[PDB]
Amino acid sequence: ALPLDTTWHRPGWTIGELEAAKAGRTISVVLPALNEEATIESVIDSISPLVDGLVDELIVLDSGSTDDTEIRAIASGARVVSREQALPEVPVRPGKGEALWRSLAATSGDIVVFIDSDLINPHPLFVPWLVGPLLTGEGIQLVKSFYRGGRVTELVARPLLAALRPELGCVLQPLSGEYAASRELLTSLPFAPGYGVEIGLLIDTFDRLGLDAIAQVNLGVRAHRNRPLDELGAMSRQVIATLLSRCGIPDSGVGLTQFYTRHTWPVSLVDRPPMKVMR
């Protein structure tokens, strides 16, 4: 009923069937983490039984955590890669997008899966449900997830998409941190800084390959640490900055100011280049 390949109910494929359809292709799973000690262990544990089987590689991309994120991740048997270790030749910039970009240099899988580490009790079939359309179907190179309340999603991302890219209006969770894509697509696209990375990869994939290369899959219900409104303001600002860039609209580059005292949050207009150029 939608111009977008959409799996509404729990996918039929089994872990056995999916591993067969791989056909020589490898699968890397990346968990981006910045101070996520309370939830990181549950996330890793839900994925690690797939290692050496369906999943060939599982790493945690530590974005400079100061809490017990690393030591707990190690204690769960996961390989922990810092931003520095992922790409030592290049100095580190702040932001989520930076970590996700660098993670491409720390993995070698033909298919890369991204899962947020702030998930509260994630289902162990998340990764299989994501690589589904990539392994079975053809033409698909990007699989987004949807669930369930996403204030930035429902008030900023989706209304802005409706205004400037109405073709992507059928995407339920454009800012979803849970998605999978081929290395071919990811290393060919630029990576938006900060929280712009999700909405940036979506629009850029659409512009390059059209809706036919994009699929979305239901993962049920999601629970995560709900953030204070001020953090969401900065997050929203970066989403707007990235989205405007992809639509040929000049952004002021001026960070969002909040007041009763004044503080200004950083915003970045600088994308990282496609990972291919770092060959």
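Only the largest set of C-alpha atoms that superpose within 1.5 Å between the two forms is called the rigid core. We number the residues from 1 along the sequence you see.
- Comparing the two stretches 6-14 and 263-271 by root mean square C-alpha distance in 8 other deposited structures of this protein, with all structures fitted on the core, the more displaced one is 6-14.
- Going from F259 to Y260, you skip over 4 to 9 residues of the deposited sequence that the entry leaves unmodelled.
- Missing deposited residues between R148 and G149: 10 or more, all without coordinates in the entry.
- For the two regions 187-195 and 130-138, the entry's Cα B-factors average higher over 130-138.
- Comparing the C-alpha B-factors of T242, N35, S236, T26 in the entry, the top value falls on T26.
- Taking the deposited Cα B-factors for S63, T39, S48, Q216, the highest one is held by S48.
- Among the modelled residues of its chain, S82 has a C-alpha B-factor that falls in the middle third according to the deposited record.
- Sorting the modelled residues of the chain by their CA temperature factor places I120 in the highest third.
- When all modelled residues of the chain are sorted by CA temperature factor, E89 is found within the highest third.
- Among all modelled residues in this chain, the alpha-carbon of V171 has a temperature factor (C-alpha) in the highest third.
- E231 sits in the highest third of its chain by CA B factor, as recorded in the PDB entry.
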